[PDB]
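Notes for the structure review
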Amino acid sequence: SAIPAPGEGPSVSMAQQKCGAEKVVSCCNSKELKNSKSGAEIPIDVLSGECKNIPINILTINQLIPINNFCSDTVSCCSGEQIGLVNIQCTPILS
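As summarised from the PDB record, the model derives from solution NMR.

Counting across every chain of the model gives four disulfides. Through a disulfide, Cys27 is tied to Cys71; the S-S separation comes to 2.0 Å. Disulfide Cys27-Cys71: torsion about the S-S bond near 60°, hence right-handed. One end of the pair, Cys27, is in strand 1 (residues 23–28); the other, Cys71, is in the loop between helix 3 (56–61) and strand 3 (75–79), and 44 residues separate them in sequence. Its relative accessible area of 2% is what places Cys27 among the buried residues. A sulfur-sulfur separation of 2.0 Å characterises the disulfide bridge that pairs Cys28 with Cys51. Here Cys28 is found in strand 1, whereas its partner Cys51 is found in strand 2 (residues 51–53), with 23 residues between them in sequence.

Evaluation of the coordinates by the stated rule reveals two salt bridges. Salt-bridge contacts for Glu22 lead to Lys23; the nearest nitrogen and oxygen are separated by 2.7 Å. Using a relative accessible area of 28% as the deciding quantity, one classes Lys23 as partly exposed. Where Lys31 meets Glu32, a salt bridge forms, and the shortest distance between an N and an O atom there is 2.7 Å.

Criteria and thresholds
- Residues numbered from 1 in each chain as written, not as in the entry; some residues may be left out.
- Heavy atoms only, no water.
- Disulfide = S-S within 2.5 Å.
- Helix = DSSP H or I, 4+ residues; strand = E, 2+ residues; numbered from the N terminus.
- Buried < 20%, exposed > 50% of the residue type's maximum accessible area, 1.4 Å probe, protein only.
- Salt bridge = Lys/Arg side-chain N within 4 Å of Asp/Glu carboxyl O.

What follows is the structure, encoded as structure tokens:
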């Protein structure tokens, strides 16, 4: 497993720290979130360029991966999406 790092900027380790380790990392600029009108009514996975859930598999050990493999957006950390968590709440990591 290789970590791509040309020279974009910081790594996910910086962002993830500001949320619970049991929470899943996703970058999404939602209109509801941007207006602070979402307690649980926020979709993690939406459209290519707005919101997407990023694979948590690498995120644990490959946290050394810089944001170049991530979306610079209002970062959201949602309840750890394990198989069965069809609906959960998302909250901004860095706001």
